[PDB]
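We did not get these values from a lab; they are worked out from the coordinates using the rules stated. For neighbour counting, all protein chains shown are included, and Cβ atoms are generated from backbone atoms with ideal geometry for every residue, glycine included.
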RNA sequence: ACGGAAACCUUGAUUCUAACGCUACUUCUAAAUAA
């Protein structure tokens, strides 16, 4: 009925480091490593909301669909209602707004004795016949680097008897993200994240989320 | 959906996973039966408050030190400094870290670094364990360890990297087996569990160990590390749940192919599922030795360090340790000359 | 002064199919994160009761708060266009009107 | 006096690297794998000089200087029974240490970092190997 | 002699583009992804020259020259068992470094920027990929 | 004691919706011959 906005605010802590990617537009003169996406001003690593939204949608598409989902526009009611759908007039604008995650504990990381906020992992491949190695370099955000994760969920008139299902979907999306890796070569041990201090606060309108915060802490 | 396994790794022998860097002789001091590895930034900071920057520059810029101007302890003693606390870390003296003595001229001119994260603590990357697991699975499967694993359509034989399908293929469902096996990396396991082992080679034709000037930083024996292996598909789930009984089969093939020719008192015994991690373990532990035999030898036929027959056995030296297993007292090695099989470890995999 | 070389960055993204997992790339243009823009909004008072002008002030404040909590134009569902209004204040440029309480509530509510 | 000015450091890179040593076949002796850590430190220090002032950037500059004086003496390439030390000759010809000595504020620090970028760029221009 | 005059730079860009290297299949080895950074830097310098004097744009021209030199030798393509440098031959044939050296006032800067725009337009006209 | 005097081409309208810079990859192999 009434309009409200619930802001899920968390801290993404990198258990392992994170290689989001991007192209060599901020790459240093002489560096041959694959760069990580960086702020154009501070050059600190960031987690773009596009990667979070894409990985969360792909993970939830294997749980809340029970269909084929050849394309993103074919997703179910429960997912297109939150993440949006370009081929449905009722779900063109989703109720979930993701935000870019920026570094927050740079001071703490410096107090921990860190020379640079990004590291260069050397990593090779071995031929199984000739035993000849071909090394390369991958740039990753360092471990124990927290980012501010802000997600905004609107509660309009259509958000009757569906807010709890949306909360469940958001919770299990974060759970699946913790169970999986954020963007990168996470099949070798990258991108492992953990969401800390996960709480929901009504930033606009009137809504009681006292039953949501305890249930957030109880599982996630 | 996802099956998560815990892999507990217990090193039975020193394990080295380098990063390309090397401590030169002017970065560590051998004294008080320990190897101190000072941080050069803090070293410079406390020798600019003591006004010895210029002679330090002359000590490090120097291109050809003869015998003793190559050691940092020589600089420390020449200029009368006794303030050895500039960050860093210390490695307890093994005893067996090197032939000759750690003093005098030759000693240890280079120490291969262990892989360390941005905070300076060591860890085992998940890609190293994944490479070992991939070698185990490929070498124990007749559809992957066959004649199709070589690519003779070229100048020299090389591995058929597309024998196991990978990558996105146009108009085809995803068929990547090893994207499902998501091996994570360890946690920082502190700098107190490292030693300075040296590479020795044992030739079956000569029957004596030959030391080599290749010194490494390796994890001490009897070190417990924990990895998480997340699997998403049923095929890779069956493969990982069979990682034990596949490691045993791979080790049985390896023992009947290579390790049987060497004296049984050098080859170690297994408490848990065998595995070979890190550098210096040998080429056969990193290859499909059923197919790579003949090709790998021919790669080195025209070099000075010729590979003769199937090669030599890599046997480092680290202190003997005995485990009070609930069966008796199991010594790690069967020889009194303190000869570990470098790069060996054991593991147990559960389904937590 | 912050050493920037371009006022617009290029964000590289990709889209991967759910069946074949092929990454079709793309690149789009973004404004720099910490850019500021001069925002001027002029409100006119004619035949409007004190209750009406107060209601309009409340609606303007709620509009600015909603713009802060939502995204300005673009692909804001993926972390775009998040704006915040700094040094927000109201000064009567024409006529005589008291905006002391309006400025106080503009600084409080923001 | 100063060795680096905003009008000549680019041209100074030309004279610094054109006189580097070379094998008999004509290829260069220095490779990017030897000066990788120095370039990373210079890039990070230039990146941090934008936001953070110079009164707490002195230790990073001292670390960069000691790293230069380490990598110059450490790296060596032996060709045809003849040893050579390419990073030391790069530092000697490019006057890297003397430029590091004159770094006193943000502007000269950024000029030195851009000089390092010029040196590596032009080294890649004339066939340097990674 | 001036290498870029107001009545020949488009023709020079044509001649340069038509003279670039090619493989067996008749495709350009240079791609716009390799020269994207240079194009962005040239565009930013162009729209900064409209309202800002040249005496405080020397750093931007210096960086632009450094980037051209770097990207000339950074990227290469392995074809027919030999390595090609596309941006290097583009710079050598188009005399980019020679136009950069002669940049002295605002008009020469803007002329060089327009020459680069003509070069990319013509490169895309003759089948240059992305 | 001007075919002249009076007349705003003005009112509202987000260049917006969907999209993981993704895929496989152990910083690793070789120790001959002489003594």
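A few remarks follow.
- Of all residues in the stretch A:189-215, those that are free of Cβ contacts under 8 Å to residues at least 60 places away in the same chain and in a helix (DSSP H, G or I) total 5.
- Looking only at the stretch B:17-36, and only at residues there that are assigned to a strand (DSSP E or B) and away from every other protein chain (no Cβ under 14 Å), the one that is farthest from RNA strand F (Cβ to nearest atom): B:31
Residues are listed down the side, and each one gets a yes or a no for (1) surrounded by 10 or more Cβ atoms within 10 Å (Cβ to Cβ); (2) within 14 Å of chain A (Cβ to nearest Cβ); (3) away from RNA strand F (no atom under 16 Å from the Cβ):
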{"position": "C:1", "(1), (2), (3)": "no, yes, yes"}
{"position": "C:5", "(1), (2), (3)": "yes, yes, yes"}
{"position": "C:31", "(1), (2), (3)": "yes, yes, no"}
{"position": "C:67", "(1), (2), (3)": "yes, yes, no"}
{"position": "C:78", "(1), (2), (3)": "yes, yes, no"}
{"position": "C:99", "(1), (2), (3)": "yes, no, yes"}
{"position": "C:108", "(1), (2), (3)": "no, no, yes"}
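- Strands (runs of 3 or more DSSP E) lying entirely in the stretch A:56-142 (those with 2 or more residues that are under 29 Å from residue C:83 (Cβ atoms), in contact (Cβ under 8 Å) with a residue 40 or more places away in the chain and more than 8 Å from RNA strand F (Cβ to nearest atom)): A:96-98
- Note on the stretch E:4-41: residues that are part of a helix (DSSP H, G or I), over 19 Å from residue E:73 (Cβ atoms) and either touching a helix residue (DSSP H, G or I) at 6+ places or on another chain (Cβ under 6 Å) or within 14 Å of another protein chain (Cβ to nearest Cβ) (or both) amount to 6.
- Against the test of being farther than 26 Å from residue D:51 by Cβ and surrounded by 13 or more Cβ atoms within 10 Å (Cβ to Cβ), the options A:112, A:177 yield a single qualifying residue, A:177.
- Scanning the stretch A:29-41 for residues that are more than 12 Å from RNA strand F (Cβ to nearest atom) and either within 8 Å of chain C (Cβ to nearest Cβ) or crowded, with 22+ Cβ neighbours inside 10 Å (or both) yields A:29, A:30, A:38, A:39, A:40, A:41.
- Condition check for residue A:51: free of Cβ contacts under 8 Å to residues at least 60 places away in the same chain, closer than 17 Å to residue C:15 by Cα, near RNA strand F (Cβ under 7 Å from one of its atoms) and within 12 Å of chain C (Cβ to nearest Cβ): no
- Residue B:226, sole failed condition from (1) within 25 Å of residue A:15 (Cα to Cα); (2) away from chain C (no Cβ under 14 Å); (3) not in a strand (DSSP E or B): (3)
- Members of the stretch B:52-62 that are surrounded by fewer than 13 Cβ atoms within 10 Å (Cβ to Cβ) and more than 18 Å from residue D:100 (Cβ to Cβ): none
- Residues in the stretch D:25-47 that are farther than 23 Å from residue B:20 by Cα, out of contact with any strand residue (DSSP E or B) (no Cβ under 8 Å at 6 or more places or on another chain) and surrounded by fewer than 19 Cβ atoms within 10 Å (Cβ to Cβ): D:25, D:26.
- Just one residue in the set B:207, B:191 is surrounded by fewer than 19 Cβ atoms within 10 Å (Cβ to Cβ) and either within 14 Å of chain A (Cβ to nearest Cβ) or touching a strand residue (DSSP E or B) at 6+ places or on another chain (Cβ under 6 Å) (or both); that residue is B:191.
- Candidates B:131, B:171, B:126, filtered to the one that is at positive phi and either within 16 Å of RNA strand F (Cβ to nearest atom) or surrounded by fewer than 18 Cβ atoms within 10 Å (Cβ to Cβ) (or both): B:171
- Residues that are in contact with a helix residue (DSSP H, G or I) (Cβ under 8 Å, 6 or more places away or on another chain) and more than 10 Å from every other protein chain (Cβ to nearest Cβ) within the stretch D:52-74 comprise D:53, D:54, D:57, D:61, listed in sequence order.
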